[PDB]
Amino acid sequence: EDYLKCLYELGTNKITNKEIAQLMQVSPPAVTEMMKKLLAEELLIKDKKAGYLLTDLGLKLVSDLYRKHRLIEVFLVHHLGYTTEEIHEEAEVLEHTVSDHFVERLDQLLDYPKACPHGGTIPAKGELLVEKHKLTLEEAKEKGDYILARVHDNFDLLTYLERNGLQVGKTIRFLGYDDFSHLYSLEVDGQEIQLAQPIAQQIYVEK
């Protein structure tokens, strides 16, 4: 129930009973106990091509957790005026406490927003998660003017990106990839920047 949240996020490749290990915090054999149950619950399946795949029951169970989280962020950020460190602290304790009733009215209150503060897509209730912004930087080939339209939810990435001046809506000029280096040259606010690859595969743009 705690793991399925990751099985979705890595769907941006191979899976093993050993990505479960150093990645989530419980042993390889102390987690192969997870999947034994899941399969018989009907949440996931074993697909050799991609490793493991969530079912429709499993994608909808998760798509809600994403909806809860995003609305909670919108409220806390837009109206209680939090900062990305405060959402690090509080946002997940109360995300795990609030009722669905809370979230449905929270929705309504916020006039049904479509996107979370920093890019993510807010799914309707009982409906799949389909990210409106999917065009990563490490996949955008064309040099030229873009816009940072979504960032992966992560904390340190965000700490990092704020520190490097990349706000999730500002405009970005993609100078280019270096074939050997592995560095994307970016133009943002008159000044130039270099981003490793893990950091460019977790950012999404639009020309």
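Residue positions are given as counts along the sequence shown, with the first one as 1.
The entry shows an unbroken chain from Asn17 to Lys18, with no unmodelled residues of the deposited sequence in between.
The stretch 17 to 25 shows the higher mean C-alpha B-factor when 192 to 200 is compared against 17 to 25 in the entry. Legend: mean Cα B-factor per stretch from the PDB entry, 26 to 34 versus 61 to 69; the higher mean is in 26 to 34.
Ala40 sits in the highest third of its chain by CA B factor, as recorded in the PDB entry. Split the chain's modelled residues into thirds by C-alpha temperature factor. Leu54 is in the middle one. Per-chain ranking of the deposited C-alpha B factor places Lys46 in the highest third. Among all modelled residues in this chain, the alpha-carbon of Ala140 has a temperature factor (C-alpha) in the highest third. Remark: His182 belongs to the highest third of its chain, ranked by C-alpha B-factor as recorded.
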